Amino acid sequence: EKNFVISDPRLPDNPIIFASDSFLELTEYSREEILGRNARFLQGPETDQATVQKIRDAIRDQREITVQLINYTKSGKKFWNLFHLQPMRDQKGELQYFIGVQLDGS
Ligand SMILES: Cc1cc2nc3c(=O)[nH]c(=O)nc-3n(C[C@H](O)[C@H](O)[C@H](O)COP(=O)(O)O)c2cc1C
């Protein structure tokens, strides 16, 4: 998993708290530009709203999902993101983070 971010769903709007070096390369953002923000900044005009709903539902249900959707780099370059979400639970079985892995399928 080279490109990924980890979010903290115990903080408001599930902000990114960690972004891998490859993710920065992929997306053209600096670490400072994106930590503390929700990963939906990757979306834009052509991102399929139905697929986003599929992600929203998986987050709500706290389950794994793999979808493919149009994302955008900082300059506004489109790419096909083969995206996999995974809930991560602590030692009490309580939701603790989400990991999001991106694969540029373009
Ligand atoms: C860890 C994590 C990684 C995510 N990575 C992406 C991503 O790479 N691309 C994307 O379009 N959305 C990604 N999302 C989803 C958005 O953050 C958001 O959950 C999605 O747009 C659905 O929720 P919303 O309707 O409130 O926008 C990620 C979410 C989480 C929690």
Side-chain angles (χ1 to χ4, degrees):
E1 295 128 272
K2 47 153 96 188
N3 309 312
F4 68 92
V5 297
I6 296 170
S7 75
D8 184 346
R10 303 192 187 170
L11 293 167
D13 203 14
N14 217 350
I16 293 162
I17 70 176
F18 183 95
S20 77
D21 293 318
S22 308
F23 176 94
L24 309 181
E25 315 198 333
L26 178 58
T27 57
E28 304 167 14
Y29 292 98
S30 56
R31 198 156 267 123
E32 297 66 35
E33 294 184 301
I34 56 91
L35 294 176
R37 293 177 69 201
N38 183 282
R40 77 173 59 84
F41 64 77
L42 292 169
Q43 295 160 17
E46 282 310 308
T47 311
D48 191 343
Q49 286 308 313
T51 309
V52 172
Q53 221 205 291
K54 283 193 202 121
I55 301 167
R56 160 195 320 155
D57 294 344
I59 282 177
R60 170 206 68 203
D61 292 343
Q62 301 173 10
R63 59 190 163 73
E64 270 192 326
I65 200 171
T66 303
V67 294
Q68 300 165 28
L69 78 172
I70 289 289
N71 276 186
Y72 294 69
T73 69
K74 181 187 170 185
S75 61
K77 194 162 202 329
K78 282 180 305 292
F79 66 99
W80 274 98
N81 183 356
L82 205 155
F83 173 63
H84 175 50
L85 177 83
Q86 164 137 16
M88 292 164 73
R89 292 192 173 265
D90 66 18
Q91 293 305 103
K92 310 147 160 52
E94 294 187 338
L95 184 71
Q96 168 168 60
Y97 307 115
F98 282 101
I99 184 163
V101 179
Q102 303 74 15
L103 264 189
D104 179 350
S106 307

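These values consider heavy atoms only, across backbone and side chains, with no hydrogens, waters or symmetry-generated copies. Throughout, numbering of the chain's residues begins at 1 and tracks the sequence. Read the numbers this way: they start at 1 and go in the same order the structure lists the ligands and their atoms.
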**OP:** Would you kindly specify which portion of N14 sits under 4.0 Å from ligand 1, judged on non-hydrogen atoms: side chain, backbone, both or neither?
**Re:** side chain
Original post:
How close does the nearest protein non-hydrogen atom get to atom 19 (O) of ligand 1, and which residue and atom is it?
Top reply: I59 CD1, 3.2 Å
Original post:
What residue and heavy atom of the protein are closest to atom 31 (C) of ligand 1, and at what distance?
Top reply: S7 OG, 3.3 Å
**OP:** For the pair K78 and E46, find out whether any cationic side-chain nitrogen is under 4.0 Å from an anionic carboxylate oxygen.
**Re:** no
Subject >> atom 24 (P) of ligand 1: nearest protein contact (heavy atom, Å) >> reply: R40 NH2, 3.7 Å
**OP:** Please work out whether any backbone atom (N, CA, C, O) or any side-chain heavy atom from C-beta onward of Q43 is under 4.0 Å from ligand 1, and answer side chain, backbone, both or neither.
**Re:** side chain
**OP:** Provide, to 0.1 Å, the distance between atom 18 (C) of ligand 1 and the closest protein heavy atom, together with that atom's residue and name.
**Re:** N38 OD1, 3.8 Å
Original post:
At a non-hydrogen distance cut-off of under 4.0 Å, which region of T47 contacts ligand 1 (side chain, backbone, both, or neither)?
Top reply: neither
Subject >> Cluster companions of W80 among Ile, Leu, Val, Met, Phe, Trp, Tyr (side-chain spacing under 4.5 Å) >> reply: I70, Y72
**OP:** Mark yes or no for whether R31, through its side chain, and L24, through its backbone, hold a donor-acceptor pair below 3.5 Å.
**Re:** no
Subject >> Shortest protein heavy-atom distance from atom 9 (N) of ligand 1, along with the residue and atom involved >> reply: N71 OD1, 2.8 Å
Original post:
Got the closest protein heavy atom to atom 5 (N) of ligand 1, with its distance?
Top reply: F83 CE1, 3.1 Å
**OP:** Look at atom 7 (C) of ligand 1 and say which protein heavy atom is nearest, naming residue and atom and giving the distance to 0.1 Å.
**Re:** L42 CD1, 3.5 Å
**OP:** Look at atom 30 (C) of ligand 1 and find which of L85, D13, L69 reaches it with the closest heavy atom.
**Re:** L85
Subject >> Shared-cluster residues of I17, by chain and number - hydrophobic side chains joined below 4.5 Å >> reply: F4, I6, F18, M88, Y97, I99, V101
Subject >> Polar contact flag, side-chain donor to acceptor under 3.5 angstrom, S20-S22 >> reply: no
